[PDB]
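We begin with a single chain expressed as structure tokens, specifically the form whose entry title says "closed state".
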């Protein structure tokens, strides 16, 4: 007997860690779990091709923001039974519960696996050298910009690179997601989409969304993000932070784990950044404090030939033992609320900051059209980063680009 599972790179050795996670299950049931690791860049294509073709695994990892879209194609097995066996609605943060289904759908189609949310890594040595108190820098938009100005004026040089650090690293290539931009949209009192009388519309071109997006993109145009960074993607910016080229960088809790792993094993423990590593929440914007809260769920294709066994594996991977173990392996947080209280998560001072930041966590709505909405948004946001790189992003040009984005998004949303 065989189960196939598709996962994304959640840990330093994704396949080996997942095999070690499921070895007790394999023994107890007399079964082999075969795993295939999909890059996040190609996962959507691979998963939607399995969905329409009927050729795929028994289980796939799904990003929380994708559950609605894949569920709407009618290809996922109901898993309300698994969720009831895991403790039902009360066993999960409501934000997590809402990712188990397409908004407004009758049955659940995904089991929560892990949660993640975004905060700022910072170089503790660089902020001390600049005279920046992270408590002031990360409290407010004004404190954020004031600390980036101090980091820009700093005479600090990395002790390995013998070079200055960039104040902020953020990618300017066409993003794959709005994860980096969302907290600035939200902090200004904006939204990506808004429901009015049942129907979803873009709000990327609202005055509030434009204020937040402009604030964020203009940090790079004011010189706090180097030119080189706007020609880089997330993976390259992450490597730059790890190699000691950036003072401040937004990411998920996984990087805490990677900071404790040797380079040999796909970590960065030997690097100065790992030994001078701090974490602070996103600053409060004028309409409050938000950060992106996501993670990944597991779903069972309705064409699987091993549904009963597959659901046993969903109950295993969703349950307390596997939930704590996999969070430990990945640096992610458990999707199961009770597992947050495990003392292993409360003892890393950096992870404790992620946990506290979850009070301001915000999710995308679970829409059928989400894949197309985010794809359309990031294509237009890619062009606004192109203007930034030329010093030509004006409020007017950003409004023009978000009006186009909003037309495209409203036209896609009318197709559901």
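We call the rigid core the largest set of C-alpha positions that still match within 1.5 Å between the two forms. Residue numbers count along the first chain shown, from 1.
For the C-alpha atoms alone, is the average B factor greater in 222 to 230 or in 325 to 333, going by the entry?
-> Higher mean C-alpha B-factor: 222 to 230.
Mean C-alpha B-factor comparison - 104 to 112 and 159 to 167, higher one = It is 104 to 112 that shows the higher mean C-alpha B-factor.
Out of 187, 244, 134, 172, highest CA B-factor residue = The C-alpha B-factor peaks, among 187, 244, 134, 172, at 172.
Select one of 361, 30, 382, 57: the residue whose C-alpha shows the highest B-factor in the crystal structure entry.
-> Comparing C-alpha B-factors across 361, 30, 382, 57, the maximum falls on 30.
Within this chain's modelled residues, let me know which third the CA B factor of residue 251 belongs to: lowest, middle or highest.
-> According to the entry, residue 251 has a C-alpha B-factor in the chain's lowest third.
B-factor third for the C-alpha atom of residue 405 within its chain | For residue 405, the deposited C-alpha B-factor lands in the lowest third.
Report the third (lowest, middle or highest) to which the CA temperature factor of residue 179 belongs, ranking only the modelled residues of the same chain.
-> Lowest third.
What third of the chain, by the recorded C-alpha B-factor, contains residue 91?
-> Ranked within chain, residue 91 CA B lands in the highest tercile.
Taking the chain's C-alpha temperature factors as the reference, tell me which third residue 289 falls into: lowest, middle or highest.
-> It falls in the middle third of the chain.
As for the form whose entry title says "open state", it is not shown, yet the points below apply to it.
Option from 388, 367, 38, 350 moving between this form and the one not shown, CA shift at or above 2 Å, rigid core reference = The residue that shifts is 38.
Is the C-alpha displacement of residue 285 equal to or greater than 2 Å between this form and the one not shown once the rigid core has been superposed?
-> No; residue 285 is a residue whose C-alpha shifts by less than 2 Å between this form and the one not shown when the cores are overlaid.
Superpose on the rigid core, then tell me if the C-alpha of residue 378 is displaced by 2 angstroms or more between this form and the one not shown.
-> It does not reach a 2 Å shift.
Once you line up the core, how about residue 403: does its CA shift reach 2 Å between this form and the one not shown?
-> No.
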